[PDB]
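A quick write-up on the structure given underneath.
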Amino acid sequence: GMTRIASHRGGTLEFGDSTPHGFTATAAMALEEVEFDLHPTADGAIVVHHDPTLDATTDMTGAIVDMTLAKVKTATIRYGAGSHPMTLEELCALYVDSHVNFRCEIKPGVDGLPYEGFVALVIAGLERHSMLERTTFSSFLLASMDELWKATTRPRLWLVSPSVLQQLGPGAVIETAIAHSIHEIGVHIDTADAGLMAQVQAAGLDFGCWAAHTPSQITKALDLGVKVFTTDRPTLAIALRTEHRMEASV
Ligand SMILES: [Cl-]
Ligand SMILES: [Mg+2]
């Protein structure tokens, strides 16, 4: 069975967080998906950024949803050689001719609540640039998973945080996914193991991982044979997978 590779935020630890360079470089790599997160601006635009605020990865401060796109566009991304935050449209333009597809994460705002009407905006923006049919959607929020279920027939996956996994426990995580018509979960690589994967697959659910940024984590993901993992080191992940595939044929 194959293990797919998704470039986390365009490959954070190689090119900076959600930068034009990372997304451009990722579009040309022999991997299967690019992962990214989206937030609305005050004036109805869609920008590609991890946090709901600009503080951590740029020179500016503030919540994206309280700002116009023009203000967001004045920010400079740390380690991004002067680049600015991207819009969804600009991201779509990079992938028009690439074989790499989208893994789109729906994030809440600063208050931890889903952005009202945003799933509809995102689906419309993707449709406008003919990328919907190449998109898988992900979220940590079940409210957002429920919205996606009603809004799109595209594949969805529920991101299950270490806290949720530990506190609900795997049985209840699986219960919950089934009750919500979710067919795939993604767990932090450091919380994955053979028993968890087996339990999840025995329930009919697909099983993948995230936060696989080091060689040991990447190799664990490949050894486990998980569906997909996100990584901040896509170049390394590709290399390790190629090597893994060799060793497996021998
Ligand atoms: Cl593979
Ligand atoms: Mg994400």
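Chains: A, B, ... in order of the structure tokens. Residues: from 1 per chain. Ligands: from 1, in order shown.
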
Dump the neighbourhood of ligand 1 as number ranges by chain: all residues within 10 Å, distances computed on only C-alpha atoms and all ligand atoms.
A: 1-5, 222, 225-228, 238, 241-242, 244-245, 248

Contacts of ligand 2, 12 Å or closer, only C-alpha atoms and all ligand atoms, given as number ranges by chain:
A: 6-12, 17-18, 34-39, 48-52, 102-108, 137-140, 157-159, 161, 186, 188, 209-211, 229-232

With only C-alpha atoms as the atoms that count, which of A:93, A:128, A:42, A:16 lies nearest to residue A:79?
A:16

Just how far from atom CA of residue A:85 is atom CA of residue A:134, in Å to one decimal?
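Straight-line distance from atom CA of residue A:134 to atom CA of residue A:85 works out to 22.2 Å.
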
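Excluding residue A:200 itself and same-chain residues fewer than 6 positions from it, the residues having an atom within 8 Å of it are residues 170, 174, 206 and 207 of chain A, counting only C-alpha atoms.
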
For those residues, write N, CA, C and O atoms to a file as a PDB file, in the first residue's frame.
```pdb
ATOM      1  N   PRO A 170      -8.912   6.133  22.138  1.00  0.00           N
ATOM      2  CA  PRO A 170      -9.127   5.746  20.754  1.00  0.00           C
ATOM      3  C   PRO A 170     -10.510   5.204  20.433  1.00  0.00           C
ATOM      4  O   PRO A 170     -11.015   5.450  19.356  1.00  0.00           O
ATOM      5  N   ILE A 174     -12.910   6.951  17.609  1.00  0.00           N
ATOM      6  CA  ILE A 174     -13.443   6.194  16.509  1.00  0.00           C
ATOM      7  C   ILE A 174     -14.976   6.280  16.481  1.00  0.00           C
ATOM      8  O   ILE A 174     -15.543   6.494  15.405  1.00  0.00           O
ATOM      9  N   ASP A 206      -9.794   5.317   7.441  1.00  0.00           N
ATOM     10  CA  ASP A 206      -8.423   5.454   6.956  1.00  0.00           C
ATOM     11  C   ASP A 206      -7.587   6.124   8.047  1.00  0.00           C
ATOM     12  O   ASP A 206      -8.107   6.845   8.891  1.00  0.00           O
ATOM     13  N   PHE A 207      -6.283   5.878   8.014  1.00  0.00           N
ATOM     14  CA  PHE A 207      -5.378   6.315   9.079  1.00  0.00           C
ATOM     15  C   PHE A 207      -4.146   6.986   8.514  1.00  0.00           C
ATOM     16  O   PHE A 207      -3.364   6.366   7.800  1.00  0.00           O
TER      17      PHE A 207
END
```

So which residues touch stretch 114-119 of chain A within 9 Å, counting only C-alpha atoms, skipping near sequence neighbours fewer than 2 positions away, as a list in words?
residues 39, 40, 65, 106, 107, 108, 109, 111, 112, 121, 122, 123, 124, 141, 143, 144, 147, 148 and 151 of chain A

What's the 9 Å shell around residue A:75, counting only C-alpha atoms, without same-chain residues fewer than 4 positions away, as a ChimeraX atom specification?
/A:54,58-61,71,82-85

Now that the selection is made, can you save its residues with C-alpha atoms as a PDB file, in the first residue's frame?
```
ATOM      1  CA  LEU A  54       0.113  37.514  11.780  1.00  0.00           C
ATOM      2  CA  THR A  58       5.639  37.967  10.048  1.00  0.00           C
ATOM      3  CA  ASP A  59       6.714  41.451  11.068  1.00  0.00           C
ATOM      4  CA  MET A  60       3.105  42.588  11.782  1.00  0.00           C
ATOM      5  CA  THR A  61       0.606  41.853  14.499  1.00  0.00           C
ATOM      6  CA  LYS A  71      -2.921  45.473   5.168  1.00  0.00           C
ATOM      7  CA  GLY A  82      10.750  39.717   1.623  1.00  0.00           C
ATOM      8  CA  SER A  83       7.728  37.729   0.384  1.00  0.00           C
ATOM      9  CA  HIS A  84       4.167  38.534   1.531  1.00  0.00           C
ATOM     10  CA  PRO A  85       1.257  36.320   2.579  1.00  0.00           C
TER      11      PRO A  85
END
```

Compile the contact shell of residue A:178 as a VMD selection string: residues with an atom at most 10 Å away, counting only C-alpha atoms, same-chain residues fewer than 6 positions apart removed.
chain A and resid 172 184 203 to 205

Could you list, as a VMD selection string, every residue within 10 Å of residue A:153, counting only C-alpha atoms and ignoring same-chain residues fewer than 6 positions away?
chain A and resid 132 to 133 136

Write the residues of the preceding selection, restricted to C-alpha atoms, as a PDB file, in the first residue's frame.
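Resulting contents of selection_3.pdb:
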```
ATOM      1  CA  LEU A 132     -12.138  21.955  -5.809  1.00  0.00           C
ATOM      2  CA  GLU A 133     -11.905  18.580  -7.537  1.00  0.00           C
ATOM      3  CA  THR A 136      -9.092  17.158   0.344  1.00  0.00           C
TER       4      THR A 136
END
```

Given only C-alpha atoms as the counted atoms, nearest of A:43, A:180, A:55, A:81 to residue A:15:
A:81

What are the DSSP strand (DSSP E or B) residues of stretch 125-203 of chain A, as a PyMOL selection string?
chain A and resi 135-139+156-160+184-188

Keeping only N, CA, C and O atoms, write those residues as a CSV table (one decimal), in the first residue's frame.
```csv
chain,number,residue,atom,x,y,z
A,135,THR,N,-9.0,18.8,-4.3
A,135,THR,CA,-8.8,19.2,-2.9
A,135,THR,C,-9.4,18.2,-1.9
A,135,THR,O,-10.5,17.6,-2.1
A,136,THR,N,-8.6,17.9,-0.9
A,136,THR,CA,-9.1,17.2,0.3
A,136,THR,C,-9.2,18.2,1.5
A,136,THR,O,-8.3,19.0,1.6
A,137,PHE,N,-10.2,18.1,2.3
A,137,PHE,CA,-10.3,19.1,3.4
A,137,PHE,C,-10.0,18.4,4.7
A,137,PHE,O,-10.4,17.3,5.0
A,138,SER,N,-9.5,19.2,5.6
A,138,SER,CA,-9.1,18.7,7.0
A,138,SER,C,-9.5,19.8,8.0
A,138,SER,O,-9.6,20.9,7.6
A,139,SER,N,-9.7,19.4,9.2
A,139,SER,CA,-9.9,20.3,10.3
A,139,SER,C,-9.7,19.6,11.6
A,139,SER,O,-10.0,18.4,11.7
A,156,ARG,N,-12.8,14.3,3.2
A,156,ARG,CA,-12.6,15.0,4.4
A,156,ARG,C,-11.8,14.1,5.4
A,156,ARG,O,-12.0,12.9,5.4
A,157,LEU,N,-10.9,14.7,6.2
A,157,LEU,CA,-10.3,14.0,7.3
A,157,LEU,C,-10.2,14.9,8.6
A,157,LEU,O,-10.0,16.1,8.5
A,158,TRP,N,-10.5,14.2,9.7
A,158,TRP,CA,-10.5,14.8,11.0
A,158,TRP,C,-9.2,14.7,11.6
A,158,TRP,O,-8.6,13.6,11.8
A,159,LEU,N,-8.6,15.9,12.0
A,159,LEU,CA,-7.4,16.0,12.7
A,159,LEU,C,-7.6,15.8,14.2
A,159,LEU,O,-8.4,16.7,14.7
A,160,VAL,N,-7.0,14.8,14.7
A,160,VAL,CA,-7.3,14.4,16.2
A,160,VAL,C,-6.0,14.8,17.0
A,160,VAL,O,-4.9,14.1,16.8
A,184,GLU,N,-11.8,9.2,7.7
A,184,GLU,CA,-10.4,9.2,7.9
A,184,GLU,C,-10.0,10.2,9.0
A,184,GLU,O,-10.7,11.2,9.2
A,185,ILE,N,-9.1,9.8,9.8
A,185,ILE,CA,-8.5,10.6,10.9
A,185,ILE,C,-7.0,10.8,10.6
A,185,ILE,O,-6.4,10.0,10.0
A,186,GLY,N,-6.5,11.9,11.2
A,186,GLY,CA,-5.0,12.1,11.1
A,186,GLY,C,-4.6,12.4,12.6
A,186,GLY,O,-5.2,13.2,13.2
A,187,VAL,N,-3.6,11.7,13.0
A,187,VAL,CA,-3.0,11.9,14.4
A,187,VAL,C,-1.6,12.3,14.3
A,187,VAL,O,-0.9,12.0,13.3
A,188,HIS,N,-1.1,13.0,15.3
A,188,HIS,CA,0.3,13.4,15.5
A,188,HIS,C,1.1,12.1,15.4
A,188,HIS,O,0.8,11.1,16.0
```

Could you tell me which of A:202, A:91, A:182, A:237 comes closest to residue A:20 if we count only C-alpha atoms?
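Closest candidate: A:91.
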
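The residue that comes closest to residue A:215, out of A:240, A:25, A:246, A:63 and on the basis of only C-alpha atoms, is A:240.
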
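Atom CA of residue A:176 is positioned 21.5 Å from atom CA of residue A:190.
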
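Straight-line separation from atom CA of residue A:249 to atom CA of residue A:28: 26.3 Å.
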